[PDB]
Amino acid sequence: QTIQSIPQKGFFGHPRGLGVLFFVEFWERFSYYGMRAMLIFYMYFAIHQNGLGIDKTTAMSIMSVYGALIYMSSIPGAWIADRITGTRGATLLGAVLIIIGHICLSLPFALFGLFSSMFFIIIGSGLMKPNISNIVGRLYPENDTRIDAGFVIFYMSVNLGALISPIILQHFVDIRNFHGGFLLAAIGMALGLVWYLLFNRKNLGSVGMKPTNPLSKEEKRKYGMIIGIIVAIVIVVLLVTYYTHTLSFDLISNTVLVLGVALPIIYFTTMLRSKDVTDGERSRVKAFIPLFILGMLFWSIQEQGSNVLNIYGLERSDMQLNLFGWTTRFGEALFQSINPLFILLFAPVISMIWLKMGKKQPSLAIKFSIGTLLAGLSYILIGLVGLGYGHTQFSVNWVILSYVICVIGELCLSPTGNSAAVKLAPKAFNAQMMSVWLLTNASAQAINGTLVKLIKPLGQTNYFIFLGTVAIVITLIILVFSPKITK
């Protein structure tokens, strides 16, 4: 038994192991969301300002494509643990790769440093993210009611790291010491790796030491050829385009846009066409399709807060916080701390609003629509602000007010989507359903990479009013089918 080899207490009433992973995840998410806060500015800032001097649209496009690929990599990375290394092996190798990625940015390699960094982080975060989360769940026995609260505590390290890292790294942006800030994230991640290596054999026992579905002798040959050939085709395409001098980021953004739109269709077609899924379970897979649209329209506007909304506020607002007499210069990296702070403060509040009601609470469709409609209205607000003022430098309060409207929308969509990924899931397609919920983010981010190109032709202000209305009109159309969708 997996439980007969591990401690069942030791961390706020949960297995001692939950304590180890909280510290490992805190330091990984801290270095990830910290590095992410500085990268956008590191890319488009001038050479004299220690930046890379990349086109505003290209730097904006790289962020959305980087993000998409991190979430897409969880699909083959959950496969490698399930079929080759086990969850422990993939977590460890993934962590070692992430460290190399942060170190790449600390070195003066400019573009070679940026692209090699991205490549190390994309691979590592696909091997580490879905498998570290798997071990948390595996620390609890079959008939153990604590597991739900264990994940609430586990995802607290996620928002703690995301909240603290941009506050700390704001000084490294101010003094233009980018390499120093990326080095801080690299060392920050090393503390995670050390804490795992020091305290993991005793707290996590034999849980995740071997794959669940190991590959047989023939499967090692079969998959080895397919993966080997696909890798070989990619290597040549990038090398031939490079030396001819025709290689650009459009090749990356277009390939990812194809994957972003193709992957959801493939999973839904596989699940629907399956002979294992019952007619009752098939109606739930059909009912999750309009929820996926609502989830994509949400994560599209929400993830633009990391590359579009923060640059808007930096360039068009006064960047001066002003609440009831208290005034201070607002840092550009501190826009990344709004969401995690509002999740930490108001997550248990919204969790109790639904508990107070019980049977009288709204459906998954009403909840998804409220979240998407708010995200849409967040873009109407900031778009109208700019339309009203124009050339007049408005307050940073209008930008912060936009971030708040979106996180209030997330507090309705994130806990609903987590329950939807497991409840609506068929018996034989539980992992395949976890993929369709996480692909709402990977697809939105893959769309964004190309959607940022429409900022220059339409205009920065007009871009906000259009995206806001596109999200609202489509959310209201799906809302007319609220009694039909609830099956």
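Numbers for residues come from their place in the sequence shown, where the first is 1.
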Inset, instruction - Could you check which stretch, 161 to 169 or 278 to 286, carries the larger mean CA temperature factor in the entry? - result: 278 to 286
Legend entry - Which of 239 to 247 and 364 to 372 has higher mean CA B factor, as the PDB entry lists it: 239 to 247
Inset, instruction - Sort 331, 130, 150, 388 by C-alpha B-factor from the entry and give me just the highest. - result: 388
Inset, instruction - Please work out which residue in 137, 101, 94, 348 has the highest C-alpha B-factor recorded for this crystal structure. - result: 348
Inset, instruction - Taking the chain's C-alpha temperature factors as the reference, tell me which third residue 269 falls into: lowest, middle or highest. - result: highest
Legend entry - Chain-relative CA temperature factor third for residue 354: highest
Legend entry - Position of residue 253 among the chain's modelled residues by C-alpha B-factor, lowest, middle or highest third: middle
Inset, instruction - Just say lowest, middle or highest third for the CA B-factor of residue 315 relative to the other modelled residues in its chain. - result: lowest
Inset, instruction - Name the third of the chain's ranked CA B-factors that contains residue 219, choosing lowest, middle or highest. - result: highest
